[PDB]
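Each residue of the sequence shown is one higher than the one before, starting from 1 at the first, in PDB author numbering.
The beta-carbon is built from N, C-alpha and C at its ideal position, and this holds for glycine as well.
Reading through the structure tokens given below for one structure.
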Amino acid sequence: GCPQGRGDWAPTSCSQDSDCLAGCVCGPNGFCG
């Protein structure tokens, strides 16, 4: 998947999928992934 969940790639806080990279969604954790 996209680099929003790797060791040194902590996720991005989001409220919608548009806050995230392409193909990534805003998860229930409130973070991109």
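Nonlocal neighbours in the same chain, by C-beta distance under 7 Å from residue i, ignoring five residues either side
{"i": "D19", "result": "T12, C26 and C32"}
{"i": "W9", "result": "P3"}
{"i": "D17", "result": "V25 and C26"}
Close beta carbons around residue i, own chain, < 6 Å, minus the five adjacent residues each side
{"i": "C2", "result": "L21, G23 and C24"}
{"i": "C14", "result": "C20, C26 and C32"}
Close Cβ partners of residue i (< 8 Å) along its chain, the five nearest in sequence each way excluded
{"i": "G5", "result": "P11 and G33"}
{"i": "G30", "result": "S13, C14 and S15"}
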